[PDB]
Amino acid sequence: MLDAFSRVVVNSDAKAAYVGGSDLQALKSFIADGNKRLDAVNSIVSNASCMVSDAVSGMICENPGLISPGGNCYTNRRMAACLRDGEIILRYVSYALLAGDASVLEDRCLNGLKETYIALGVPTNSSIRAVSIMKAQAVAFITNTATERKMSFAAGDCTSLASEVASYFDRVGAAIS
Amino acid sequence: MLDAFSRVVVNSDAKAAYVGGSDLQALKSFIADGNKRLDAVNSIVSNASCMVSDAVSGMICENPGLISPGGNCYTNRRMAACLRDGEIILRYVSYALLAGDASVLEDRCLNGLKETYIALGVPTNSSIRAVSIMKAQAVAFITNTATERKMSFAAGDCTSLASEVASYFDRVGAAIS
Amino acid sequence: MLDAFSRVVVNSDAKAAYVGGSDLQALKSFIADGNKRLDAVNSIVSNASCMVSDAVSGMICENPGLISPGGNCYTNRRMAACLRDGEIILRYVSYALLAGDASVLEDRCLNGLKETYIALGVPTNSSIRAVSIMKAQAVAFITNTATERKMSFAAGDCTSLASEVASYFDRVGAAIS
Amino acid sequence: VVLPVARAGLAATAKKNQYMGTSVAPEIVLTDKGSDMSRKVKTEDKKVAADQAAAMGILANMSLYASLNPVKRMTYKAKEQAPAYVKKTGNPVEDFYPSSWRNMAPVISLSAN
Amino acid sequence: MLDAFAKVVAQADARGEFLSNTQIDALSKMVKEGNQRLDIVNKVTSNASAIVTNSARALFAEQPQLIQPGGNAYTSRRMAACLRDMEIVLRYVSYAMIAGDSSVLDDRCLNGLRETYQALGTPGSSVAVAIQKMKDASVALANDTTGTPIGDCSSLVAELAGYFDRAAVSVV
Amino acid sequence: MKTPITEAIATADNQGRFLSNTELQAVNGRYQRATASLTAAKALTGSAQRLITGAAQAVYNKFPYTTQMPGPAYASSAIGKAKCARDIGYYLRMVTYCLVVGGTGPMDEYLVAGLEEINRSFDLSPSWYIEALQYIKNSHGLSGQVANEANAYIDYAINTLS
Amino acid sequence: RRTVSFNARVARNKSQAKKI
Amino acid sequence: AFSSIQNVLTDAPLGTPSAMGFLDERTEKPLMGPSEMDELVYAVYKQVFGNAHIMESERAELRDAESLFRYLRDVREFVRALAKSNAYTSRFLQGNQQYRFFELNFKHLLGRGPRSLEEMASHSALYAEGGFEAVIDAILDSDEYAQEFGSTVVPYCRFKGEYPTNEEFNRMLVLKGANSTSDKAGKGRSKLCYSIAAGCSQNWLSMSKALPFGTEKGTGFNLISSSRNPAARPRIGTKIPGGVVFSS
Amino acid sequence: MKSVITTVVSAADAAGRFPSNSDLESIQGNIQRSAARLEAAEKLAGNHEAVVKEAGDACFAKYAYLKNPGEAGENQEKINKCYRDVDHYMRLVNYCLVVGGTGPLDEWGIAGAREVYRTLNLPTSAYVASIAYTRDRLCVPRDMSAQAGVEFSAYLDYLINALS
Ligand SMILES: C=CC1=C(C)[C@@H](Cc2[nH]c(/C=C3N=C(/C=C4\NC(=O)[C@H](C)[C@H]4CC)C(C)=C\3CCC(=O)O)c(CCC(=O)O)c2C)NC1=O
Ligand SMILES: C=CC1=C(C)[C@@H](Cc2[nH]c(/C=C3N=C(/C=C4\NC(=O)[C@H](C)[C@H]4CC)C(C)=C\3CCC(=O)O)c(CCC(=O)O)c2C)NC1=O
Ligand SMILES: C=CC1=C(C)[C@@H](Cc2[nH]c(/C=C3N=C(/C=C4\NC(=O)[C@H](C)[C@H]4CC)C(C)=C\3CCC(=O)O)c(CCC(=O)O)c2C)NC1=O
Ligand SMILES: C=CC1=C(C)[C@@H](Cc2[nH]c(/C=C3N=C(/C=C4\NC(=O)[C@H](C)[C@H]4CC)C(C)=C\3CCC(=O)O)c(CCC(=O)O)c2C)NC1=O
Ligand SMILES: C=CC1=C(C)[C@@H](Cc2[nH]c(/C=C3N=C(/C=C4\NC(=O)[C@H](C)[C@H]4CC)C(C)=C\3CCC(=O)O)c(CCC(=O)O)c2C)NC1=O
Ligand SMILES: C=CC1=C(C)[C@@H](Cc2[nH]c(/C=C3N=C(/C=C4\NC(=O)[C@H](C)[C@H]4CC)C(C)=C\3CCC(=O)O)c(CCC(=O)O)c2C)NC1=O
Ligand SMILES: C=CC1=C(C)[C@@H](Cc2[nH]c(/C=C3N=C(/C=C4\NC(=O)[C@H](C)[C@H]4CC)C(C)=C\3CCC(=O)O)c(CCC(=O)O)c2C)NC1=O
Ligand SMILES: C=CC1=C(C)[C@@H](Cc2[nH]c(/C=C3N=C(/C=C4\NC(=O)[C@H](C)[C@H]4CC)C(C)=C\3CCC(=O)O)c(CCC(=O)O)c2C)NC1=O
Ligand SMILES: C=CC1=C(C)[C@@H](Cc2[nH]c(/C=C3N=C(/C=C4\NC(=O)[C@H](C)[C@H]4CC)C(C)=C\3CCC(=O)O)c(CCC(=O)O)c2C)NC1=O
Ligand SMILES: C=CC1=C(C)[C@@H](Cc2[nH]c(/C=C3N=C(/C=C4\NC(=O)[C@H](C)[C@H]4CC)C(C)=C\3CCC(=O)O)c(CCC(=O)O)c2C)NC1=O
Ligand SMILES: C=CC1=C(C)[C@@H](Cc2[nH]c(/C=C3N=C(/C=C4\NC(=O)[C@H](C)[C@H]4CC)C(C)=C\3CCC(=O)O)c(CCC(=O)O)c2C)NC1=O
Ligand SMILES: C=CC1=C(C)[C@@H](Cc2[nH]c(/C=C3N=C(/C=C4\NC(=O)[C@H](C)[C@H]4CC)C(C)=C\3CCC(=O)O)c(CCC(=O)O)c2C)NC1=O
Ligand SMILES: C=CC1=C(C)[C@@H](Cc2[nH]c(/C=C3N=C(/C=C4\NC(=O)[C@H](C)[C@H]4CC)C(C)=C\3CCC(=O)O)c(CCC(=O)O)c2C)NC1=O
Ligand SMILES: CCC1=C(C)/C(=C/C2=NC(=C\c3[nH]c(/C=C4\NC(=O)[C@H](C)[C@H]4CC)c(C)c3CCC(=O)O)/C(CCC(=O)O)=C2C)NC1=O
């Protein structure tokens, strides 16, 4: 598990160089934005239970065959596991937003999720369709354009943290494809 | 409040600019298609009493628990207040279509509407459904594709007025959600 | 050669360039009234060590909270860093007076200046007060209305250059505002 | 999938100019001896330096300009500065009157202006 | 294979939606840039041999164990395969630049390049050093004019460097 | 997906080469044509409800047996009248996708691949859909090259049915 | 309960203007 | 203008018998008499003062304004005489902020809340040109006071149904409270001051305390946030036969 | 602001009424009169440097007492803040010709203006000397058309009567 600081040391260890100079000036501007990243992880963890129950319900309203007899989200034992399967994905994305590096997402959650879901009979078309709803919710909460709740932040721009959290959620959908 | 000409001069006041011939070609086509804007708003206010009662009773049709004991359109006291409210919403979006800017709908009608409804107990998912019926009633009178009531127009497209008024009806759902 | 006078600034190192006696004689007939403008920039830079010595001390003369314990022109070194940046502003204004435009000033001296002072906690409400003392010295030295020192000039009027060198000092004040 | 330190270090390098903190400035020198072939202007570039010693001719003189203001010691009141990390020994002739402030006193020497 | 225009059409068809007026306007901003995207790609492919060869020569001077006898790029078979692997990654980045979307990049270059090199024994740490050398050789080549109308292209050269960053974290 | 952008990339990938000026000129022709294509897509989207319900009536007036004859294949019931207008809206939606993308790639993938086997199975006649597509070609009201762009995908759908 | 044809302080005025 | 709460769930507004008694030439009014009189004076004292609970040695300084009220039967002149009193400025002007004094004049003399910052700043434009008596007589001699109350009835909080802004109903519900609620409980500190100058709205539990009995006081609150996000751009799509159209 | 459209929809809002036929008869007159006042708007937009140059020195020719010391036009920065405050007013006349109402004048340029010029000792007679100079400098078939001059001058002397 690497964070954003461990990545620039592994890259410098391959050539056996001391960290200094231009990549020390790229690191001082990563911490200048370090409060925006801390402001924005909090704006997702605070809304984490409504983000999941809206994404699972919105996957169901598009495909109501999942709640038919014989559907994958049919019984109460299987409905409670999709609500659990879908908030572990959101939990591991919030680790990657706090760390600033998608290493912990890629190996503790995504490595082998596709082979697991097509061994339990889980439709990977619908799992992509719930992950893409959680992507639209996380970009709305970070840019503070939710229609259901407006948070309080200092004034400024956080469109690079929205580009980063969309790349993590696109990678979840591409992995379980 | 503002209209479509006042919206341009408050954009230029942030730059202390002059409204010159680059900016004026949007306003020279607002007056060029200005006959069709008037031709579209008496297509709506000529049918406004039929539009409200169909949208409110069409919301009762898809949700019959609104008129059972414990619904919030139950008695004559509550049903006349729901019929009054859908006439107020249709009045303010006819002001906004006439001006060409959704300022007067957003500060007088929609500002603070979400807090009235969660204090009076008004269901907001079915209230969005009554607005979304009369959005579809409004785009059918403008493009003259209603099943009864063919009005007498002149020939051409009013397809940018029908989607301008569909965005004014979408702001009502975004403000009470 | 005026295009080569921007070459010595753009290299981010030291290069010296000059014009000859015959080259400046072509320059003062090319540009308008250039004998006044070389008299304008000589009147500033002959007194440039007194101008930043009076303005930074004039900033403390009405705001002695900067040298208060807890202020920003306290502990021995911040006063020396403030006197360096007062002299940085004076050489870019006097080069903008010499070149005739502010095109070397707003991109190479004021671009990024507002975000640097709020990162360091520099009080930007007092640095505009230190610029306006240097503006008040500059229009005295152009128009020879300086009370404690009178230079020797050829007769005529220089109020176009004094309005020009006042307007460059507002551009420093507009960027840090 | 993204590198946060690489694509924000590149975004901060093209927006921010390379020339701010280097403290260089065009120093103009005019030479004039009255004649026509004596009138060069030299707009060369120098890194200006923070002159440490002449700030004490400004920082101290303004610290005694504001010491003697009766109506700028009120409406401009200074904060409550703590003393240093000196330890109390027990004898008052070292605690209250230490060796750095032993026998020090201000002498005022007025003259013309 | 989706470009940037087809990325939003495919996402609309999964819900059965017409494209809205705020999505057509975001797509016409890509047509508006247009000529400046085509000069990012033209500058990269017209210096493609110098970008790869100068980044390989600098890679072996830093990790000389790769061309030692017994190394992973000893024996011309393995040396020539190392050079076309660098030109493969530079080819698909220039594909993903002209499309505006990284779909052709991580579907048919990067999808399974971490576990391709892992099965071969190729050090994927050293491959990522080679992507980073071709990265800044290309962004130093993108933001110079040299017979080009001067403007601001910094939002496009931040997109090109993000494709190189996407390939770098994917192989290790 | 067959776009002008992804036909250029697929041409260079089948040859194993970088994007030369043969492929940069093909992309540039899409950008020169995308002005008229993206205003045609806006004008057909805003006229959607007018063009769909008007072109369903053009089929019921030319083939009036399609409202009388019983059976699941005809627009004689509530569900057949609803499925006829749903199919005009599928054809109008794919034309707007083709105008945005710039080629006959969305409706090759989503609409025409397997359409002959569906019409023969469910007994739908392809002369019904040609008549509704001739109404949309004669009622969008576009002019100039904006009409030339919209018409070129409407009679691409006609040549696959006829 | 306001009964629109009504005033409040011109009612004060005209009882001390018809006497004048 | 139907208003399902007003004469249904509340009471009827109090006041004098009629306004035709002024045109009667042998009287001034239907003469109420001192049991029908003082129970109307109990409703002016409970409305101009809040529930201030004025004592016997504070009502003795208001002896002169009632003695004129039981001869000249105008209700508007009684309200004007009670707002220039010492007992109105020692409760609502003396230890309060300026927009706290202004927001209680809208409660005590109009039964509504202020609708704007532009309407609120014009009341401080009248403070500069005549003090607090210029604010009070301009409310009383307004057109809005004439076509709702007049000389006949007490100025009561009226549920109208057809408010000119929806936010005007919200600030009326924050200003009046329950019947066990006076208006000295904040230490100065105008309640509506942040929402007037910014343009936001009120809190749903503070409004639903002041609603009547029988009007769903509080339900409808989802357990997520209570206000709207102005920066959010949602996708709201309509089903047509073919697909889904996002007319945005 | 105040214009032809905001007049009729706030007259309709206070009555609780829909847009009637008299309200749509008004905005037909906004369509018919627009080609006049959008020609005077875009003529003043591309010529605003030379019409505030001539309006600025006609102020100081009539009132040369302002360049006495201690007065309003004392030094060159106070001359420069006089040419700026008449370029602000010709911006608002361009805003009023575009809107088609007196809205941008009386709440960006006239509201509060008597209070700030009384405190800061600026005379209003110098402000109306500049604006009345441009009203006579207009001539009928050269600088605009004959109907653009009636729109342009009517917004000029609405500003004059507000400062008088
Ligand atoms: C590290 C990350 C991580 C995960 C993602 C989950 C992955 C995961 N999910 C399930 C198990 C499941 N996961 C789902 C989820 C879904 N089915 C659907 O139809 C929806 C599309 C989707 C919800 C969004 C369901 C319904 C089951 C139950 C299957 C069963 O009961 O047999 C199981 C089986 C073992 C068990 O259930 O205990 C595992 C390992 N666990 C993890 O540790
Ligand atoms: C058929 C059933 C059905 C649903 C359940 C919803 C599901 C749903 N929610 C959102 C969209 C969203 N969902 C949320 C989440 C929340 N918003 C809040 O106010 C809360 C704090 C929180 C959980 C209650 C947010 C913040 C957005 C985007 C912006 C916004 O709505 O303000 C989107 C839009 C995705 C996109 O933009 O493409 C969809 C499809 N829609 C449906 O059609
Ligand atoms: C341990 C708990 C903990 C936190 C929760 C954060 C809280 C936090 N966020 C910011 C500070 C900030 N936060 C934002 C973020 C945003 N502003 C927006 O307009 C967007 C909607 C949103 C996401 C982009 C911005 C723009 C700043 C200003 C400072 C900066 O640019 O870094 C600051 C510094 C400014 C201040 O002191 O007020 C702090 C402490 N930090 C912490 O230590
Ligand atoms: C439960 C009971 C029940 C109803 C009351 C109706 C309610 C209703 N009406 C319309 C839809 C409509 N309603 C009208 C209104 C009118 N048409 C006229 O010619 C009159 C002038 C005017 C008053 C009757 C119009 C013009 C449309 C859309 C055009 C159309 O019907 O094709 C729609 C479609 C809106 C949508 O698609 O979302 C619905 C659901 N339907 C129901 O299921
Ligand atoms: C200018 C902006 C403006 C508005 C938007 C309305 C908003 C509004 N609606 C109601 C009041 C109400 N509104 C409704 C309406 C509804 N309940 C439902 O179930 C339906 C979904 C919906 C009808 C479409 C009902 C039922 C009440 C009465 C509640 C009750 O009796 O307790 C009230 C309370 C005032 C009163 O009635 O006395 C207000 C301010 N009025 C305005 O002045
Ligand atoms: C005072 C009240 C008042 C009105 C009610 C309107 C009335 C009106 N509408 C149009 C004129 C028109 N109206 C339409 C509109 C349509 N044709 C269609 O096929 C569509 C269904 C419909 C779209 C909404 C078109 C296309 C024109 C001609 C284009 C134009 O001249 O603007 C005209 C100009 C042509 C003429 O003079 O005959 C007038 C006067 N104007 C007014 O001043
Ligand atoms: C050519 C580019 C260039 C400039 C434009 C100036 C601007 C400038 N000033 C300082 C740095 C500083 N600037 C000040 C200045 C002041 N504090 C005050 O109270 C006064 C208002 C004001 C002086 C009059 C001080 C005190 C510091 C030092 C801050 C510190 O050391 O904590 C820095 C340091 C930031 C860093 O090194 O990372 C920079 C770039 N200097 C340059 O090199
Ligand atoms: C770099 C070297 C260099 C210079 C310093 C200037 C020096 C300079 N300026 C002027 C000449 C002049 N200098 C001024 C300037 C002024 N007069 C005033 O009243 C103001 C105080 C001041 C404006 C700042 C004027 C007005 C003239 C005469 C007009 C002209 O020749 O431009 C003259 C000719 C005087 C004479 O005939 O003896 C010279 C040598 N030129 C150069 O080549
Ligand atoms: C630079 C150093 C410096 C000084 C040493 C003092 C010296 C000094 N004192 C006064 C001036 C004065 N000095 C005194 C003081 C006194 N007279 C008495 O009768 C008392 C015995 C004694 C009190 C201690 C008085 C009363 C005046 C006149 C009032 C005044 O000018 O303020 C003056 C002004 C005289 C003039 O205008 O010509 C000067 C220069 N001031 C300075 O600026
Ligand atoms: C077939 C191959 C092919 C190309 C290479 C381009 C070539 C090209 N680029 C531009 C036009 C341009 N090219 C650039 C690009 C840049 N400016 C810079 O300073 C940066 C170095 C670089 C950023 C990437 C800019 C900025 C313009 C527009 C000029 C401007 O508006 O500033 C134009 C003129 C377009 C016009 O203005 O009408 C042409 C033909 N087009 C093609 O069809
Ligand atoms: C500020 C000016 C001001 C005044 C000067 C006094 C004057 C005054 N007194 C009364 C009113 C009265 N005044 C009296 C007083 C008397 N009757 C007698 O027989 C005794 C001789 C005498 C006591 C000394 C009585 C008994 C009434 C009430 C009459 C009634 O019951 O209707 C009224 C009528 C108001 C009312 O109906 O009560 C007025 C204006 N009050 C004022 O507000
Ligand atoms: C935006 C509004 C606007 C205006 C009002 C005019 C104002 C104006 N007029 C003139 C300039 C002029 N204007 C005129 C015209 C006339 N002089 C007379 O004596 C006759 C009465 C009248 C004929 C109609 C003449 C003859 C000149 C040149 C002489 C002069 O400076 O006045 C100039 C100088 C630049 C130029 O020549 O164009 C300007 C700015 N221009 C504008 O752009
Ligand atoms: C959008 C509308 C708009 C305006 C019109 C201006 C109005 C305006 N002008 C000035 C400010 C000033 N205005 C003048 C103006 C003049 N001196 C004269 O001799 C004549 C009376 C007049 C030139 C014709 C002067 C000299 C000052 C400086 C006064 C001062 O320093 O106090 C100020 C004071 C603050 C400042 O310095 O900026 C303001 C608010 N601002 C606006 O936002
Ligand atoms: C997105 C690409 C796409 C296309 C093109 C498409 C066509 C399509 N149209 C169908 C049916 C239909 N289509 C019609 C339409 C008509 N019949 C008439 O009488 C009218 C003249 C005409 C309308 C203009 C009817 C009535 C059916 C139902 C036939 C049946 O159920 O047997 C069916 C059978 C599915 C069903 O039973 O509903 C398909 C697959 N489906 C697709 O997914």
# chains A, B, ... in the order shown; residues from 1 in each chain; ligands from 1
>>> residues_near_ligand(ligand="ligand 12", cutoff="8 Å", atoms="only C-alpha atoms and all ligand atoms", output="mmCIF file with C-alpha atoms, in the first residue's frame")
data_model
loop_
_atom_site.group_PDB
_atom_site.id
_atom_site.type_symbol
_atom_site.label_atom_id
_atom_site.label_comp_id
_atom_site.auth_asym_id
_atom_site.auth_seq_id
_atom_site.Cartn_x
_atom_site.Cartn_y
_atom_site.Cartn_z
ATOM 1 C CA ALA I 40 -27.372 53.864 -30.324
ATOM 2 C CA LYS I 43 -22.465 53.174 -31.566
ATOM 3 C CA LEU I 44 -21.623 54.362 -28.040
ATOM 4 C CA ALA I 45 -19.847 51.047 -27.401
ATOM 5 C CA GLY I 46 -17.281 51.425 -30.176
ATOM 6 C CA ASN I 47 -16.810 55.176 -29.638
ATOM 7 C CA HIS I 48 -16.748 55.554 -25.864
ATOM 8 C CA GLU I 49 -13.174 56.769 -25.526
ATOM 9 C CA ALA I 50 -13.626 59.861 -27.671
ATOM 10 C CA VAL I 51 -17.009 60.877 -26.248
ATOM 11 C CA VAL I 52 -15.705 60.867 -22.660
ATOM 12 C CA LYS I 53 -12.571 62.652 -23.796
ATOM 13 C CA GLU I 54 -14.688 65.528 -25.099
ATOM 14 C CA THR I 134 -22.802 65.246 -25.137
ATOM 15 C CA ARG I 135 -26.497 65.988 -25.607
ATOM 16 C CA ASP I 136 -25.688 68.972 -27.834
ATOM 17 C CA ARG I 137 -22.753 67.252 -29.592
ATOM 18 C CA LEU I 138 -25.165 64.715 -31.107
ATOM 19 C CA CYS I 139 -26.298 65.519 -34.630
ATOM 20 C CA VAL I 140 -29.065 63.774 -36.463
ATOM 21 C CA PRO I 141 -27.965 62.045 -39.748
ATOM 22 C CA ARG I 142 -24.218 61.527 -39.083
ATOM 23 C CA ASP I 143 -23.645 60.031 -35.647
ATOM 24 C CA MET I 144 -26.718 57.780 -35.646
#
>>> residues_around(residues="residue 30 of chain B", least_positions_apart="3", cutoff="9 Å", atoms="only C-alpha atoms", output="compact mmCIF listing (two decimals) with N, CA and C atoms, in the first residue's frame")
# COMPACT_ATOMS: atom_id res chain seq x y z
N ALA B 4 -34.21 38.75 -19.89
CA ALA B 4 -33.13 38.25 -20.73
C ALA B 4 -32.18 39.35 -21.20
N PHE B 5 -32.60 40.60 -21.17
CA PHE B 5 -31.73 41.72 -21.48
C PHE B 5 -30.99 42.22 -20.25
N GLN B 25 -25.45 39.95 -30.48
CA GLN B 25 -26.08 39.04 -31.43
C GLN B 25 -26.89 37.94 -30.77
N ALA B 26 -26.79 37.77 -29.46
CA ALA B 26 -27.77 36.95 -28.77
C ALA B 26 -29.04 37.74 -28.52
N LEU B 27 -28.91 39.04 -28.26
CA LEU B 27 -30.07 39.87 -28.01
C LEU B 27 -30.74 40.33 -29.28
N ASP B 33 -36.83 36.42 -32.85
CA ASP B 33 -37.79 35.37 -32.55
C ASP B 33 -38.76 35.78 -31.47
N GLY B 34 -38.96 37.08 -31.28
CA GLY B 34 -39.76 37.56 -30.17
C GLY B 34 -41.24 37.47 -30.40
N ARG B 37 -42.19 34.00 -29.04
CA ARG B 37 -42.23 33.92 -27.59
C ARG B 37 -43.57 34.37 -27.07
N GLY B 100 -37.67 35.31 -20.28
CA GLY B 100 -36.55 34.65 -20.91
C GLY B 100 -35.42 34.42 -19.96
>>> residues_near_ligand(ligand="ligand 3", cutoff="7 Å", atoms="only C-alpha atoms and all ligand atoms", output="PyMOL selection string")
chain A and resi 32-36+38-40+42+142-144+153-159+161
>>> write_last_selection(atoms="N, CA and C atoms", output="short mmCIF file (atom, residue, chain, number, x, y, z; two decimals), in the first residue's frame")
data_model
loop_
_atom_site.label_atom_id
_atom_site.label_comp_id
_atom_site.auth_asym_id
_atom_site.auth_seq_id
_atom_site.Cartn_x
_atom_site.Cartn_y
_atom_site.Cartn_z
N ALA A 32 0.20 21.88 -0.25
CA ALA A 32 -0.53 23.15 -0.28
C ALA A 32 -2.01 22.92 -0.55
N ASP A 33 -2.35 21.87 -1.29
CA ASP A 33 -3.73 21.47 -1.50
C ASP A 33 -4.18 20.42 -0.50
N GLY A 34 -3.43 20.20 0.57
CA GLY A 34 -3.71 19.11 1.48
C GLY A 34 -4.90 19.34 2.38
N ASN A 35 -5.35 20.59 2.51
CA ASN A 35 -6.56 20.88 3.25
C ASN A 35 -7.81 20.74 2.41
N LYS A 36 -7.71 20.99 1.10
CA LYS A 36 -8.83 20.72 0.21
C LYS A 36 -9.14 19.23 0.14
N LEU A 38 -8.46 17.12 2.57
CA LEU A 38 -9.05 16.79 3.86
C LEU A 38 -10.44 17.38 4.02
N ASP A 39 -10.75 18.48 3.32
CA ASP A 39 -12.09 19.04 3.41
C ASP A 39 -13.07 18.13 2.67
N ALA A 40 -12.58 17.43 1.62
CA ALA A 40 -13.42 16.72 0.66
C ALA A 40 -13.60 15.25 0.97
N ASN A 42 -14.12 14.41 4.03
CA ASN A 42 -15.16 14.58 5.03
C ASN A 42 -16.53 14.79 4.40
N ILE A 142 -18.37 16.89 -3.78
CA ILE A 142 -17.08 17.57 -3.73
C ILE A 142 -17.19 18.97 -4.31
N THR A 143 -17.88 19.11 -5.44
CA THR A 143 -18.08 20.44 -6.01
C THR A 143 -19.22 21.21 -5.37
N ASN A 144 -19.89 20.62 -4.37
CA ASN A 144 -20.98 21.23 -3.60
C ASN A 144 -22.15 21.66 -4.48
N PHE A 153 -18.02 25.17 3.17
CA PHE A 153 -16.59 25.15 2.94
C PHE A 153 -16.10 26.58 2.79
N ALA A 154 -14.78 26.74 2.84
CA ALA A 154 -14.18 28.00 2.43
C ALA A 154 -14.27 28.13 0.91
N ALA A 155 -14.21 29.36 0.43
CA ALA A 155 -14.40 29.64 -0.98
C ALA A 155 -13.16 29.25 -1.78
N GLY A 156 -13.39 28.71 -2.96
CA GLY A 156 -12.31 28.28 -3.82
C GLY A 156 -12.77 27.17 -4.74
N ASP A 157 -11.80 26.57 -5.41
CA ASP A 157 -12.04 25.62 -6.48
C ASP A 157 -11.45 24.27 -6.12
N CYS A 158 -12.22 23.21 -6.32
CA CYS A 158 -11.79 21.85 -6.06
C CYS A 158 -12.18 20.93 -7.20
N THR A 159 -11.88 21.37 -8.42
CA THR A 159 -12.19 20.60 -9.62
C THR A 159 -11.13 19.58 -9.97
N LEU A 161 -9.87 17.60 -7.44
CA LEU A 161 -10.26 16.48 -6.61
C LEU A 161 -11.49 15.78 -7.14
#
>>> residues_near_ligand(ligand="ligand 5", cutoff="8 Å", atoms="only C-alpha atoms and all ligand atoms", output="JSON, numbers by chain")
{"B": [56, 66, 71, 72, 73, 74, 77, 78, 79, 80, 81, 82, 83, 84, 85, 86, 88, 89, 108, 109, 110, 113, 116, 117, 120, 121, 122, 123, 124, 125, 126, 127, 128, 130], "H": [2, 3, 4, 5, 6, 159, 160, 161, 162, 163, 164, 165, 166, 169, 170, 214, 215, 216]}
>>> atom_distance(atom1="atom CA of residue 54 of chain D", atom2="atom 2 (C, counted along the ligand's line) of ligand 7")
20.9 Å
>>> residues_around(residues="residue 53 of chain F", least_positions_apart="5", cutoff="12 Å", atoms="only C-alpha atoms", output="list in words")
residues 140, 143, 144, 145, 146 and 147 of chain B; 47, 48, 58, 59, 60, 81, 82, 84, 85, 86, 87, 88, 89, 92, 132, 135, 136 and 139 of chain F; 240, 241 and 242 of chain H
